[PDB]
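Encoded as structure tokens, the following chain is the form deposited in one PDB entry, with no partner shown.
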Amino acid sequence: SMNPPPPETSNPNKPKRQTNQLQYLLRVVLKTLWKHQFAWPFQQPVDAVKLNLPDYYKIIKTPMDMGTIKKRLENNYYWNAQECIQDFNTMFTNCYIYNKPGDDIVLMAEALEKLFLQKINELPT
């Protein structure tokens, strides 16, 4: 298929964890970003069949999206906040890689990244 399987949202041989920071990343960071007017392209894995982008997964080898991140947080999939933050950063970076400076989609990612950084600047202790 043109679409690989989406990233795992559970893994039984990976240990789980819950922390105040991870709770915050779900309740505040993810759930607030989700509502932004520019969040929609990032709420699910890129569907190359739907969007007609047979090139997407030829270019992006570590795909990530907020739908996956949300499910991971709900699963307690992550060990710590930094691991989750890395997924957000991978999502943003993928967008910059797959596209071009100034593209509408890149403008969207740039705005979301700024808001994301604002919110993770300070996490609970």
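Shifts are known only where both forms have a C-alpha. In this text, residue numbers run from 1 along the sequence as written. In this text, rigid core is short for the largest set of C-alphas that superpose within 1.5 Å between two forms.
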item	value
Greater mean Cα temperature factor according to the PDB record, 85-93 or 47-55	47-55
CA B-factor placement of residue 101, once the chain's modelled residues are sorted into thirds	highest
Chain-relative CA temperature factor third for residue 108	lowest
Chain-wide C-alpha B factor ranking for residue 32, given as lowest, middle or highest third	highest
Residue 68 - which third its CA temperature factor falls in, relative to the rest of the chain	lowest
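The next section is about a form of this same protein that is not shown, the form deposited in another entry.
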{"property": "Cα displacement of residue 14 between the shown form and the other one reaching 2 Å, rigid core superposed", "result": "yes"}
{"property": "Moved runs of 3+ residues, each with a C-alpha displacement of 2 angstroms or more between the shown form and the other one on the rigid core", "result": "11-18"}
